[PDB]
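So the structure is just underneath, and the comments pick up after that.
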Ligand SMILES: Nc1nc2c(ncn2[C@@H]2O[C@H](COP(=O)(O)OP(=O)(O)O)[C@@H](O)[C@H]2O)c(=O)[nH]1
Ligand SMILES: [Mg+2]
């Protein structure tokens with residue numbers, strides 16, 4: 001468990017925050033939000049919870065991600081979770097969080113394949129995290145089922161747009177492997193909001209369920225559909241493994257064995273897997289935080305130059321100075 | 001007919017999706033024509049494009065017959081009983097698995 | 001006037017400290 005790529009950046013944020021708080025001002029540390037776009041049952045929730053490093057989201061066959069859960073990670077001194085609709089309660093166990101999320105979804109949408117545009121706001125405080133926004137959006141579908149209205153397709157798409165047309169957002173586009181990449185909706189959306197690939201990261205899931213004799217070797221090499229940041233393959237837990245309470249360590253070991261043994265992927269083994277995605281996102285955040293330094297320097301330099309002309313005289317103030325008095329008199 | 005796609009590849013024009021539908025509409029919107037809607041089993045049925053088209057041109061289900069073509073590749077731990085029994089997305093003529 | 005002087009000097013030193021920290025953070 002855990003995510004150790006945060007540890008090397010947290011003290012940088014703290015030091016910058018302290019440097020600005022010294023003057024009664026904040027730091028414009030506008031880190032990008034992370035939005036996970038995907039088709040229904042593409043695996044977009046298991047990827048997200050593998051980036052956080054905690055097993056707390058509901059996942060599984062069927063329509064589970066019924067509401068647009070928004071997770072806020074706030075750096076703190078201890079570890080706890082809270083909900084805006086459960087104000088005053090404290091959650092010390094992620095299993096309770098998962099069960100409460102399910103109960104809150106059912107309470108509003110019912111037991112059919114319902115949806116609700118209103119998000120759930122879950123905030124987790126921990127000394128090991130950064131101030132991040134994570135958005136788990138409901139998967140897109142083509143036809144209504146259950147008691148959904150005829151426009152279910154358009155309501156879901158509209159829920160996505162308000163979160164991915166915003167600047168400073170990473171579109172983490174998840175598509176299954178045992179399907180044809182040309183028919184992945186997540187990539188159609190990315191091309192509608194990021195016409196040139198600067199933020200979009202491709203992730204290919206379900207590589208272990210490919211039809212025997214076929215592989216995706218020409219997809220992972222960024223040949224079929226060029227994407228500025230390529231595609232990162234991952235292997236998540238299967239439905240049997242979720243129901244079997246499979247450990248996370250075993251899943252990572254199985255993923256590593258899969259890539260090391262597969263005849264068509266050995267040469268890419270060091271470019272794929274869960275920990276590689278963690279490094280890519282952490283590197284993306286680090287590149288962002290460094291890119292803003294010229295603005296902070298220019299603001300501070302301008303303020304310093306503005307005050308210096310008067311500081312030069314204030315620093316020379318003395319309780320007894322007949323020349324200072326005379327200068328003021330003449331002026 | 002050629003299958004529907006969302007993302008153009010291989011120098012296909014950006015409107016490849018609309019040209020494919022235009023070809024499809026000239027055969028499935030005709031009367032006295034049966035439509036067989038082919039959907040994979042490994043991909044969630046709510047995503048099926050064939051059912052969307054059949055639903056648009058045969059709201060009543062008189063002509064549409066559904067088929068589930070890839071039961072061999074189901075993810076271990078799941079099955080499609082709730083589709084083949086015509087419960088998840090009821091279709092007048094049911095579904096045939098192959 | 002005394003309060004304005006004191007605030008200007010405090011802000012001056014704090015801004016100098018902020019630059020001395022940011023330059024070291026960038027490395
Ligand atoms: N073996 C395997 N199972 C997967 C993969 N991706 C998703 N699944 C399974 O698909 C089911 C639904 O995944 P889920 O993430 O809940 O879909 P979503 O939450 O609707 O995006 C779960 O049983 C997952 O374990 C994969 O890459 N490999
Ligand atoms: Mg999903």
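Per the header of the entry, the method used was electron microscopy, 4.0 Å.
Placed from the backbone N, Cα and C atoms, the Cβ positions cover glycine too.
Residues or ranges marked as phosphotyrosine by Swiss-Prot: A:80, A:125. The 3'-nitrotyrosine annotation in Swiss-Prot covers A:125. What Swiss-Prot records for A:306 is phosphoserine. Among the features that Swiss-Prot reports, region 'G3 motif' is placed at A:136-139, with the record citing sequence analysis. The region 'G4 motif' annotation in Swiss-Prot covers A:205-208. The region 'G5 motif' feature in Swiss-Prot is assigned to A:235-238.
Swiss-Prot feature annotations superimposed on the structure.
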{"residue": "A:80", "record": "phosphotyrosine", "CB count, 10 Å": "12"}
{"residue": "A:125", "record": "3'-nitrotyrosine", "CB count, 10 Å": "16"}
{"residue": "A:306", "record": "phosphoserine", "CB count, 10 Å": "10"}
Helix, strand and coil residue totals from DSSP for the region 'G5 motif' (A:235-238) stand at 0 helix, 0 strand, 4 coil
For the region 'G4 motif' (A:205-208), the DSSP residue counts stand at 2 helix, 1 strand, 1 coil
Taking only the CA atoms, the spacing between residue A:306 (phosphoserine) and residue A:80 (phosphotyrosine), expressed in whole angstrom, is 45
Students should find that the Cα atoms of residue A:80 (phosphotyrosine) and residue A:125 (3'-nitrotyrosine) sit apart, in Å rounded to an integer, by 5
